Amino acid sequence: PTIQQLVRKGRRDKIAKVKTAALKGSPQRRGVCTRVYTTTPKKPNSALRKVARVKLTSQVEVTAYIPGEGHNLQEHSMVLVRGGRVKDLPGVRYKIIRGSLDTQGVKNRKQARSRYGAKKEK
Amino acid sequence: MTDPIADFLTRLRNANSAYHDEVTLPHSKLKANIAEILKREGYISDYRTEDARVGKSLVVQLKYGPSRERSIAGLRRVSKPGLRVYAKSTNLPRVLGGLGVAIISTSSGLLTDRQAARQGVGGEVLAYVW
Amino acid sequence: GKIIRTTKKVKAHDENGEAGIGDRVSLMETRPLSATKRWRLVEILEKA
Amino acid sequence: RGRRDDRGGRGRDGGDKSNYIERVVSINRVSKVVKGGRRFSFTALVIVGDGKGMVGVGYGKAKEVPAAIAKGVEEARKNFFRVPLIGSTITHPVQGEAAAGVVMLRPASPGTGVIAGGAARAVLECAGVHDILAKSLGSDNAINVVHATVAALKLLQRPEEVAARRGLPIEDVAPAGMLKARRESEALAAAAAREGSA
Amino acid sequence: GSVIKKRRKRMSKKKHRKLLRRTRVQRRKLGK
RNA sequence: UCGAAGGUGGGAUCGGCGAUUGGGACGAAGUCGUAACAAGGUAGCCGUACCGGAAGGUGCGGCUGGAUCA
RNA sequence: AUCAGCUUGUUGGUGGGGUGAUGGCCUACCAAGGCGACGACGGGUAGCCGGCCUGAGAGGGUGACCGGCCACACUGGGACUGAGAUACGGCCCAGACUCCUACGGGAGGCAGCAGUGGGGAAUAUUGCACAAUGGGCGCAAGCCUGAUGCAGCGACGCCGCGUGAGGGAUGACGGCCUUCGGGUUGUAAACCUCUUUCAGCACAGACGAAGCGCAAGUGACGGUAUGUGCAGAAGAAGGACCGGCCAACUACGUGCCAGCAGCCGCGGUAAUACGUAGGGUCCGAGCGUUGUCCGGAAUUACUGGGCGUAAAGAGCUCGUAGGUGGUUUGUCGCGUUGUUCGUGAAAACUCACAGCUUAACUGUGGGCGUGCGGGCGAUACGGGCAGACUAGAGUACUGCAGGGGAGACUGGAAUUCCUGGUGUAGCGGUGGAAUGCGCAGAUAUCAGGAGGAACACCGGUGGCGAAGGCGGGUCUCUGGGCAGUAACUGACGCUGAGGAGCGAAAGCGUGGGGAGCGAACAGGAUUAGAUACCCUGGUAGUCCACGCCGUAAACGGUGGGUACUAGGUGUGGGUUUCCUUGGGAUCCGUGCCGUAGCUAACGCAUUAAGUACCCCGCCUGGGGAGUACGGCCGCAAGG
């Protein structure tokens, strides 16, 4: 607007808007899991979601969601947390890899098959 | 009063939009050259220069068609003070695919886009009319 | 595309003190004559 | 628009002349609250046209979908619109505006293909163009981009018309490449036309 | 426009004013 | 003479933790009222001051994004 | 700039010194500057580039391989040697660490190639050769070379090839649906011929070497590549997805569960959206996920956006830097432009061609290298200089209108109290009442007195002021506007980041004043309950003097300037032509209606939100929040 006003100062982009604060710009981080409690979502979607809060190696304290039917992980398992997005429980935006370092792949999973980590039938 | 030629072409867009027969202007050299170009391309019909309060004046009659329809389908000042747009010879910007014309004031005077192309000189634009 | 007017406070060397404030002096690039005195002026045009 | 494939032993399906190209752009059920509930109706934005470059724009209101489509066909039938071209291209870059609909319609060299979004792609695929280059800036809609595209095609004019407005002998109105494209397109009009006579 | 925007803004403003009533003293002394 | 490290000194500045405390976001469903939307039952809103468990109430000036029409 | 001042070898001079060379590089004296809102000094991050990725381009991201520069070599100083030094595998010192020691003292330095531990989501062998190319020393032979040449390892990437071909039914077995007819898998399979790349086993076996060598030999890769043979369909397919976008649907199983999901959203016993099955679709030695970037995003809009009500016009002016500039003659050639020279290494990129069975790949020749510097040319436009002009701007002169402002003096009606009459039981108040004032003489009425504040009527869609704002009168001092003439000056204009000034009400300080009204504060009433409305009382305040504060729906919700674009009708100020106050024409003002044009719509519409130019402010989803932190101003409230 009034191009000398842009010669003075103007027209810069807004903000990087970083999605995940896992850290480092790293795709997945292994982590020590603690207190694997099960929660209640928002009002149109009522169920019990199986989350676990994980202390990423990156020293931060986050809370990840465990996809699949059940979780092999108990207290102090070395779960490999990737970044995802679950709308349904507020503040949980990370998903634990199933078929990983500690948490075994989902058993009798026969159709989804890459997610949930089920190895092929012999 | 900050731009002379913007008031010129502005007065041609208003007098063209409001179905006028003629228009009156403060005469100057650059407006005389632009009036001579728009004579030579036929966007206006003819202009005459009067003597008036103090200075001379430019009375342009506008060229209409087979009914009330207009020949100048627009003006747009591009080499405006504050962002005076310069043009090398590679491209005298083509206007409306070539159907419109570009009043370009090179070192040889004032030319159109086509004359700036063939004679091999560029160095300005001014407003371009279609 | 705005044709910006910019200034440049160079430093320059008069042996004879021929110039004063407000003048139209010439310049020419030299050897580095001190810490940022890299210009000497010949044929001063107009005095004030 | 379902269950159209049918064979009838009745009087006639009344298939006849004017086998034009007809495109249905969008259908959104339009609701109206009245005392005790909602009354659903239907809007079909109907594009019709022939491959010369005559375009219609129809806007059908009915509480059935093929009824609204047929009323859009009859309304664009009532209201056609001539589009000037060069070969199968467009003449010169324009911008059309229907109150928020911005569409830039720019020509291109042949072979490139109609590159436009779905509303402008509909209005230009019904028309006589095969190779132009458009874009729909603003308003993110179907009705305003169709109507803005038709206003953009109203800002078109012939090279000859421009020459006529300025009282100048062509050559003197166009530049030369576009006159050569006039020679190419009229030459293939002569070839396919004289192959049409035999 | 609507007065709803105006009133949300004003709710914030009110709450803040109250918060400075009650902490007035405390801010003076904790600051001094 | 210069001089790296070391020592003493008082500061700048960037953070981490801190009992307690302020507010903020979300939760369903709880308690208390019903402030706003219809003249929302005292037209609403802005500034400011004072007061009140809370929404708020009042004053002073303003405003129609106010109403019916004495 | 939530970092505004920093600097004393710091800025310049002279004499020395030092250096390969100029020089506060150094030193003694003398002078006292220098650098900064074109962001100095500080803070944060970062090797820079040819390039790479993305994109229509403009631009955005990035700096891996390959290539060019720079900086460093355990951390931090220092010199020496030398043509040349951050001296990685040199020296000296001080540290931190590892190790040897007979305790006196020594030794180390993978950010060379391998390799180990650690950290980590994650990144390879303690390989073979100097045959080729580069490098060193040597007369040469030759010797050295973890540069390089190659090999190993990982679908880590890009490209190519394979897992067969042809025949084959009114379409078998099996599977799952079904309307119980059948339908799909499916020409697919079994079978019947045929062909074998690539893996397999044989035998032959390179080019890279117009090389080196005076020796007779010499290829690390290598018995590899590649040939010619033999046997036989023979050893060779998987992953995602099938509500919508978005190519692809049916059944069974659980029925707000278990789960899904990129967003919209699917699960509450008939889910094409969850799990399994058939089937389909899309890719294919891969296919999905996560992360990071560009794109779509015209969603920071130079190209290419906006600001009446959607986010967005500073409360209003004056003015510093800045940006911008009417008419016209000359000159300069700084912007602009034309042309030629030089340069923009190679590679990449693009076009053509050649080479490898093709391709990726590699090479040759153009173009690209959007730029910069030198020479020569042009002078319309911008600018500089030197001039000229009167239309913008300002001044003089003649009038004219006005709640423009400040100071001073004064006027009456009304309310309240006071003294005194006249005079009695109620007055006041309300939707209805009661607290309340009365019966000690109230309210009522008459006379007089005090005191304060506000100015009925004129007076309204009206005047003036930049905006707040301004109405009893008179006087004194002072500001602006408008018109007319054109007498003067001669572009002195416009806007204006920061900056100073003015700025309702409330509030604040000190000192006065205090009738009416009146927050807070009481009582009464209403009510479930009123911390409320309504009633009775009532302090700060409202008033004046002197200062603060700086806020408002400070609103035309519309920054300032300028030119133009159909009209119609009111009213305010002033000039003139005509009828002779009426009408016209004109300049300035303020309203209502209305075309064109504009707008998302309502609306605006010569007083633009229309058509254009100049400068400023400001906006970038909603909350969080005009809040924290920090600073500035303020007596505080707070801004």
# chains A, B, ... in the order shown; residues from 1 in each chain; ligands from 1
$ residues_around --residues "stretch 58-75 of chain G" --least-positions-apart "3" --cutoff "9 Å" --atoms "only C-alpha atoms (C1' of nucleotides)" --output "ChimeraX atom specification"
/G:47-55,86,88,95-97,109,111,293-294,302-303,345-347
$ write_last_selection --atoms "C-alpha atoms (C1' of nucleotides)" --output "PDB file, in the first residue's frame"
ATOM      1  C1'   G G  47      30.023 -21.078   7.328  1.00  0.00           C
ATOM      2  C1'   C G  48      29.292 -18.104   2.162  1.00  0.00           C
ATOM      3  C1'   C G  49      28.539 -19.548  -3.314  1.00  0.00           C
ATOM      4  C1'   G G  50      28.136 -22.134  -8.333  1.00  0.00           C
ATOM      5  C1'   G G  51      23.811 -24.917  -7.179  1.00  0.00           C
ATOM      6  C1'   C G  52      19.471 -28.211  -5.344  1.00  0.00           C
ATOM      7  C1'   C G  53      14.030 -28.443  -4.443  1.00  0.00           C
ATOM      8  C1'   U G  54       9.465 -26.005  -5.484  1.00  0.00           C
ATOM      9  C1'   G G  55       6.843 -22.550  -8.598  1.00  0.00           C
ATOM     10  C1'   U G  86      44.842 -22.167  11.264  1.00  0.00           C
ATOM     11  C1'   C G  88      45.741 -31.977  11.238  1.00  0.00           C
ATOM     12  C1'   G G  95      45.066 -25.998  31.081  1.00  0.00           C
ATOM     13  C1'   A G  96      41.427 -30.579  30.803  1.00  0.00           C
ATOM     14  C1'   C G  97      41.858 -35.622  30.040  1.00  0.00           C
ATOM     15  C1'   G G 109      46.111 -35.997  20.408  1.00  0.00           C
ATOM     16  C1'   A G 111      37.213 -32.949  12.770  1.00  0.00           C
ATOM     17  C1'   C G 293      10.172 -27.857   2.826  1.00  0.00           C
ATOM     18  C1'   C G 294       7.656 -25.408  -1.665  1.00  0.00           C
ATOM     19  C1'   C G 302       6.329  -6.146  -6.667  1.00  0.00           C
ATOM     20  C1'   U G 303       3.820  -9.003 -10.538  1.00  0.00           C
ATOM     21  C1'   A G 345      35.482 -20.859 -14.041  1.00  0.00           C
ATOM     22  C1'   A G 346      34.017 -26.005 -14.789  1.00  0.00           C
ATOM     23  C1'   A G 347      29.758 -28.827 -13.651  1.00  0.00           C
TER      24        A G 347
END
$ interface_residues --of "chain D" --to "chain G" --cutoff "8 Å" --atoms "only C-alpha atoms (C1' of nucleotides)" --output "number ranges by chain"
D: 99-100, 137-138
$ write_last_selection --atoms "N, CA, C and O atoms" --output "JSON list (two decimals), in the first residue's frame"
[["chain", "number", "residue", "atom", "x", "y", "z"],
["D", 99, "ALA", "N", -19.16, -9.83, -9.09],
["D", 99, "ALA", "CA", -19.41, -9.28, -7.76],
["D", 99, "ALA", "C", -18.56, -9.91, -6.66],
["D", 99, "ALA", "O", -18.13, -9.22, -5.74],
["D", 100, "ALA", "N", -18.17, -11.16, -6.80],
["D", 100, "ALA", "CA", -17.01, -11.64, -6.08],
["D", 100, "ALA", "C", -16.25, -12.61, -6.96],
["D", 100, "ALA", "O", -15.09, -12.91, -6.66],
["D", 137, "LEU", "N", -10.08, -16.91, -9.29],
["D", 137, "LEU", "CA", -9.61, -16.17, -8.14],
["D", 137, "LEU", "C", -10.80, -15.62, -7.36],
["D", 137, "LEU", "O", -11.63, -14.88, -7.91],
["D", 138, "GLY", "N", -10.87, -15.98, -6.08],
["D", 138, "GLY", "CA", -11.93, -15.49, -5.24],
["D", 138, "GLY", "C", -13.23, -16.27, -5.38],
["D", 138, "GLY", "O", -13.46, -17.03, -6.32]]
$ select_by_dssp --residues "stretch 9-157 of chain D" --states "helix (DSSP H, G or I)" --output "ChimeraX atom specification"
/D:65-78,118-126,143-154
$ atom_distance --atom1 "atom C1' of residue G:26" --atom2 "atom CA of residue C:31"
19.7 Å
$ interface_residues --of "chain B" --to "chain G" --cutoff "7 Å" --atoms "only C-alpha atoms (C1' of nucleotides)" --output "ChimeraX atom specification"
/B:1-3,6-7,10-11,13-15,18,54,105-110,121-123
